[PDB]
């Protein structure tokens, strides 16, 4: 009679919370989805071994089209778990699944876990100063979306930081690197000429958040555009005007050039 949305965390199988793990172990059936994102630091097998239950993976169609036919039926006479990378419901479409549960007469509970949305706090930048977020999507064919560029402009104009989620082709396990994102942004700038993203723009790259050894680098596009930030996933941030304390952290912890203390503060 109960459905549990359980978050898996940032990177590997140990990023789930103790609460999530224990609940998952007591569920009769355990489902999971890896289309909204991937758990780059582990494998389905390792997650299964930790939970001690076989995990049935669901595709985007399985969920968006048949959630009420695949998952909910079992939740009627059993405790069912639905695992998702990060924190449940941080992905825009999963909240509606709670409504589906309701109309099916199934109780649902959410077990939270760390999300890159909150993990960016490790960049040393004040979380309250992050504005609207955006996703840098790979262009394709005659389609060249650029709304993420406008988001940076609007945030920066108000002295706010911009968190940029990078595109991912989960099915094919293809990660967009911060380098590719920087190249795309420069391309958009050349098209729009808004003076929003250039070689002189200060950016911050956070790679493999959740890991004990994430890569945290800060600096100007001209210097970081071809730098190796390690394996995915990568997150890109365009800070607004920095608080001195934010800048000091980027310099001392993220290897930012001393120049940011007088140019970006």
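Residue numbers count along the first chain shown, from 1.
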Going by the mean C-alpha B-factor recorded in the entry, which is higher: 5-13 or 20-28? 20-28
Selected stretch [higher average CA B-factor]: 203-211 or 46-54: 46-54
Given 133, 92, 155, 118, identify the residue with the highest C-alpha B factor in the PDB entry. 92
Using the entry's values, work out which of 38, 216, 221, 237 has the largest Cα B factor. 38
Select lowest, middle or highest to describe the third in which the CA B-factor of residue 144 falls within its chain in this entry. highest
Chain-wide C-alpha B factor ranking for residue 87, given as lowest, middle or highest third: lowest
Among the modelled residues of this chain, does the Cα B factor of residue 100 put it in the lowest, middle or highest third? middle
B-factor third for the C-alpha atom of residue 128 within its chain: lowest
Among the modelled residues of its chain, the C-alpha B-factor of residue 108 falls in the third labelled middle
